[PDB]
Amino acid sequence: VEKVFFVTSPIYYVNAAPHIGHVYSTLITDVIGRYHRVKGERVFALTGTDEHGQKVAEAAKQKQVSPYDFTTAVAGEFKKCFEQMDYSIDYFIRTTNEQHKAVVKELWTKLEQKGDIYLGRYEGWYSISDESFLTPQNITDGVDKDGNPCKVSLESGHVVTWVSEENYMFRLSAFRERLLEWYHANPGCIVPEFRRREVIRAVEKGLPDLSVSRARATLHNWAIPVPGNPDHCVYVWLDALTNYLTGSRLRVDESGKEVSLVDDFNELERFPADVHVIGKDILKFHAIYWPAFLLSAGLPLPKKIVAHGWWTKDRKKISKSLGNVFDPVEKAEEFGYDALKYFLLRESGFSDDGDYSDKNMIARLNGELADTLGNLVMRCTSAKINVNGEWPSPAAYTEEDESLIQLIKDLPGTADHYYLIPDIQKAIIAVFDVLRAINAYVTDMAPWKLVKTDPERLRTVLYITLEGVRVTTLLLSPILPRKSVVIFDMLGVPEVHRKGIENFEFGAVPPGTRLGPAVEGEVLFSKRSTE
Ligand code: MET
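Residues numbered from 1 in each chain as written, not as in the entry; some residues may be left out. Heavy atoms only, no water. Residues with missing side-chain atoms left out of burial classes, pairs and counts.

Looking at the PDB entry, one finds the chain named Methionyl-tRNA synthetase, with Trypanosoma brucei as its source organism. Note on the chain: under the UniProt heading Sequence similarities (unreviewed entry), the record states "Belongs to the class-I aminoacyl-tRNA synthetase family." (UniProt positions renumbered as here; feature names shortened; annotations may be inferred.)

K.L.:
Looking at this structure, I do not really get the pairing of strand β4 (residues 117–127). What am I missing?
P.N.:
Within a regular beta strand, the side chains point alternately toward one face of the sheet and then the other, so they alternate between its two faces. Relative to strand β8 (residues 160–170), β4 runs antiparallel, the two being bridged by eleven bridges. In the sheet register, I117 faces β8, and the bridge partner there is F170. As paired elements, β4 and strand β5 (residues 132–134) share three bridges and run antiparallel to each other. When the sheet's bridge partners are listed, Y126 is paired in β5 with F133. (Pairing = 2+ DSSP bridges. Helix = DSSP H or I, 4+ residues; strand = E, 2+ residues; numbered from the N terminus.)

K.L.:
Any chance you could explain the sheet that holds strand β10 (residues 210–211) here in plain terms?
P.N.:
Sheet strands line up and pair through hydrogen bonds in the backbone, either parallel or antiparallel. In space, the four strands of this open sheet follow the order β5-β4-β8-β10, with antiparallel pairing throughout. Pairing within the sheet leaves two strands with one partner each, and these edge strands are β5 and β10.

K.L.:
So what exactly am I meant to see when it comes to helix α3 (residues 67–84) here?
P.N.:
Helical periodicity: at 3.6 residues per turn, an α-helix aligns residues three or four positions apart in one direction. In this model, α3 (18 residues) spans 25 Å end to end at C-alpha, consistent with the 26 Å of a helix rising 1.5 Å per residue. Along α3, the residues classified as buried are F70, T71, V74, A75, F78, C81 and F82. Projected down its long axis, α3 carries its buried residues within an arc of 120°, all on one side. Relative to its buried face, α3 has exposed residues pointing more than 90 degrees away, namely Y68, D69, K80 and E83. Along its buried surface, α3 packs onto β1 (5–13), α1 (20–38), β2 (43–50), α2 (54–62), β3 (91–94) and α9 (328–335). (Expected span 1.5 Å × (residues − 1). Buried < 20%, exposed > 50% of the residue type's maximum accessible area, 1.4 Å probe, protein only. Arc of directions from axis to C-beta. Contact = heavy atoms within 4.5 Å.)

K.L.:
Is there a simple way to explain the site of the ligand in this structure?
P.N.:
In the vicinity of the ligand, the contacting residues are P10, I11, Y12, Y13, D50, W237, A240, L241, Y244, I282 and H286. Take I11: an N or O atom from its main chain is 2.8 Å from a nitrogen atom of the ligand. Considering the ligand on its own, with 310 Å² of exposed area, one finds that the protein chains cover 93% of that surface. Every element with two or more residues in the shell around the ligand is listed here: β1 and α7 (236–248). For the shell around the ligand, the residue count by class is nine nonpolar, one polar and one charged. (Near = heavy atom within 4 Å. Polar contact = N/O pair within 3.5 Å; in protein donor to acceptor, adjacent residues only side chain to side chain. Areas by Shrake-Rupley, 256 points an atom, 1.4 Å probe, with all protein chains shown as cover. Nonpolar A, V, L, I, M, F, W, Y, C, P; charged D, E, K, R; others polar.)

K.L.:
How should I be thinking about the pairing of strand β7 (residues 149–153) in this particular structure?
P.N.:
Where strand β6 (residues 139–143) lies against β7, five bridges are found, and the strand directions are antiparallel. Pairing of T140 across the sheet is with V152, part of β7. Linking β6 back to β7 in an antiparallel pair, the connection comprises five residues, with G147 at a positive phi of about 105°.

K.L.:
Sorry, what's going on with the sheet that holds β3 here?
P.N.:
Spatial strand order, β3-β2-β1-β16-β17-β9: six strands in an open sheet with parallel pairing. Every other strand in the sheet has two partners, leaving β3 and β9 (190–191) as the edge strands with one partner each. Bridge count between β1 and strand β16 (residues 275–279): two bridges; the pairing is parallel. Bridge pairing in β16 links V7 to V275.

This is how it looks when you write it as structure tokens:
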């Protein structure tokens, strides 16, 4: 099937200002989308804000302003932040959007007509902060923000409350066997694998029916009314998951504004998502509830859900009051945007709860970006080594020449597989193994000596080096979107060769291609001191 590659981030609660967790999640979404665009594919990358619910409504009561003004303010902060992070997102969705509401009502009605929604009661624990139902097995003792004894989530640590309400219930219990068929039929549908094992384990134990409405007062009327029952509002999560569907059905103008909701998802060829990027904290919603709603509705299921871990700074929690902040924009201004992105994508894989420190950030920037990549780019383009300022024509290749050429020929196939898992960390490591190899080849050949001694040999060494740089840079362009453009400018790679699987091929830029012009003091990544 040939379709728009559809990649999504979670839509984030707007109870509070955007922070690193959100930036990271969206960054992951952005990178995947960026990579599929360089393969020449149509892409629709989606992010947004989850704006209804008790959590958000109460967050706005605390700051003492209307939910409409509050959600709009905070959403504005999310957009401003993401614009500043210089992503390439195709649309920003807000669940307050009127067309989103229509799609929710449409899906709800499908589930009802299917016979999968009945009137019942939920009597059990709820975490408002997580907007999540919990069994007693998943709560424990703790202290509220007074210090008085309460119950809290084992998952999250937030206060839980007992809820006893007549609610509309989705028949999730009836989807146990089909969800199990699905997980087993598509053993790559949840990444990383140990999270796939989590979901299976959980669904194996058994599934209770799920409350998909709440009484309207409980939600302070800040939700979507249940169609046909104005006393009930639709569960914030059923509403929020529907954003993926809504997004697949919106025609967007050049300004980034929704202008039309199509009746059928096929019209736009986006749905279902090829990758839902998420955090591990919201796995059940995406891997259990969502495919269950889609099965009931008769909709296609997503191809992959990839769930990453949580961040710490200096081996502690990120928190304003505890005195340990990590501001992505602040660190980008300090170290650079592409560098910070490299770090967050390099320093941790999706199975790990990684760690930012200034020390280790500077170690990677200097180590990998400046010495390994940065220096290689400057040398092979320098007037000292590349005296004619062009891509030379290679002479005959030695076996050592060819060992390196093989590594470069093999790199795209390997990096491709990693980006498709997806495992962005592994893709980066693969590209830098090839970069380390190029540097060691250069050390061996000492092109600086060859310039005097053997210009004919230099032609070969220099051409291999330029091409190795070009290919590695191409495959890193989704990680270093701005720096890759600079690198390609220095190399003098024509625009047409900066994109497309055609240009993953060794030798796509011809000898004789001229290098771009130099500047007095220019440097790709400048070293920074340690303390
Ligand atoms: C459909 S994704 C919803 C995610 C939720 N709003 C959160 O911030 O965790």
